[PDB]
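Heads up, the chain below is alone and in the form deposited without the partner chain; it's given as structure tokens.
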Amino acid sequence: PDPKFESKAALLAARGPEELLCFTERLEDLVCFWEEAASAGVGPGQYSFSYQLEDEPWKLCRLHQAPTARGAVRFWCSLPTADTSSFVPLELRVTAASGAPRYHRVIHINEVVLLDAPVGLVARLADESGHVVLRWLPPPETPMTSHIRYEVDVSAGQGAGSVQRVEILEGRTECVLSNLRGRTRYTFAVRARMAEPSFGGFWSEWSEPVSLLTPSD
């Protein structure tokens, strides 16, 4: 439907397509999908998706077929809000008309969190030394911001062939790269992932890059 989803669903397609890929953007939702190009056969009623939250009744999810760029068709199921309980075991059951079981998996909407990319990043010289202070804003409409860790990226060229990484402490949304190299124009961008054990999911889309040029030496 929305680019946000397609583009966010690509990151996962490269993580095991012939497996059910679910993920929650803000612990208040859940969607599972899987791709497969097919024959003129595959259509509306050809697959039945069913889920069940711990010791409760089973419920059938309406299904959503859609044609992806790579030609394949996409099937997805946005769980009904009333069933996005995090910390509660979710068992997923898929099936094709006849009665063949394609995928079966048990999860927790809280261990598959794929967060929107961070926002508000901007660099700026450390008035107290040849470093770079990096402030930024976690993802919007996203809870548990105190449970999100950030990985920063440091690039001196898409062809400079020389980079450097860093991991930020859950909660901290600012860091200064002290040990660096001057009179050089660097660029940075950050991604965000929830913090285990409590949570878990997948790295977030990198943020818009940002550029600056350290003083001298």
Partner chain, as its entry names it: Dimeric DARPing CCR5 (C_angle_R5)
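Positions refer to the first chain, counted from 1.
FYI, the form deposited with the partner chain bound isn't displayed, but the following is about it.
Q: At 4.5 Å between heavy atoms, is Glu91 in contact with the partner chain in the entry with it bound?
A: Yes, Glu91 is a contact residue.
Q: Quick one: does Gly120 come within 4.5 Å of the partner chain in the entry with it bound, counting heavy atoms only?
A: No, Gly120 is distant from the partner.
Q: Give a yes or no for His104: in the entry with it bound, does one of its heavy atoms lie within 4.5 Å of a heavy atom belonging to the partner chain?
A: Yes, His104 sits close enough to the partner chain in the entry with it bound that at least one of its heavy atoms falls within 4.5 Å.
Q: Is it the case that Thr95, even though its partner is missing from this view, gets within 4.5 Å of the partner chain in the entry with it bound, heavy atoms only?
A: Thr95 belongs to the contact set for the partner chain.
Q: Taking the partner chain in the entry with it bound, which residues of 52-72 have any heavy atom within 4.5 Å of it?
A: If the 4.5 Å heavy-atom criterion is applied to the partner chain in the entry with it bound, 52-72 yields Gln52, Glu54, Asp55, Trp58.
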